[PDB]
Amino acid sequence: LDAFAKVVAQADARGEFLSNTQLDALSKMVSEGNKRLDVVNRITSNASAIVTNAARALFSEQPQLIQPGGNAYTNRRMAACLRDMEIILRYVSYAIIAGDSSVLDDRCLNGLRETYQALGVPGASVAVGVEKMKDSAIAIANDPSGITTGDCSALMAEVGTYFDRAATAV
C-alpha cells in the first residue's frame, strides 16, 4: 500500500466513498509532494556514503564483529552485511515515497528477526547500524543548503519512524 491506497482499501471494505475530509487529507499529501521527493532523492543520491559511513562506525565501535570468528569477518560476510544495510535503507526509502510502512514491513522486516537468529547474525548490532543510518540520512535530507527554504519537520519525524521500525524489527 501507499497512503492513498490505504484509505481506499479501508473504504472499500466498508462500501463507502471517501469523505471530503479524507479527500482533503490526500490533497495535503500531494501538496507536500515536492518535499517528499527531495527527501527520497537526497537519501538515494547519498546512499553509498550513508551505508559505508554507518558500517565503518559500527565496526569501529564493535571490533568483534570483524575479528576472526566474528559475524562480519571474511569478505563474503562483510559483503552480506553491507548489502543488508543497503537493503534496509532501500526499503526505508520506498516507505518514504509511499507515505506508508507496508512495503518495509511486508518485504523486508517480517521474519527478519527470526532469520537473523537462525543464522547467528547479531540483530542488536544491525539495529545500531540502522540507527546510525537514520541520523545521517535525516541530516542529509534536512540539509538547509541548496534547496528552497521550508519546513520539513513533519517529514523528518515520519522518516525517523521508518528507521525506528526497522531497528525494532531486528
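Start at 1 and count along the sequence shown; that's the residue number.
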Exercise. Which wins on mean Cα temperature factor, 130-138 or 100-108?
Worked result: 100-108
Exercise. Per the PDB record, is the mean Cα temperature factor higher over 52-60 or over 118-126?
Worked result: 118-126
Problem set entry | Chain thirds of CA B-factor: placement of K35 | middle
Problem set entry | Third of the chain's Cα B-factor distribution that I43 belongs to, per the entry | lowest
Exercise. Can you tell me which third, lowest, middle or highest, the CA B-factor of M29 falls into for its chain?
Worked result: highest
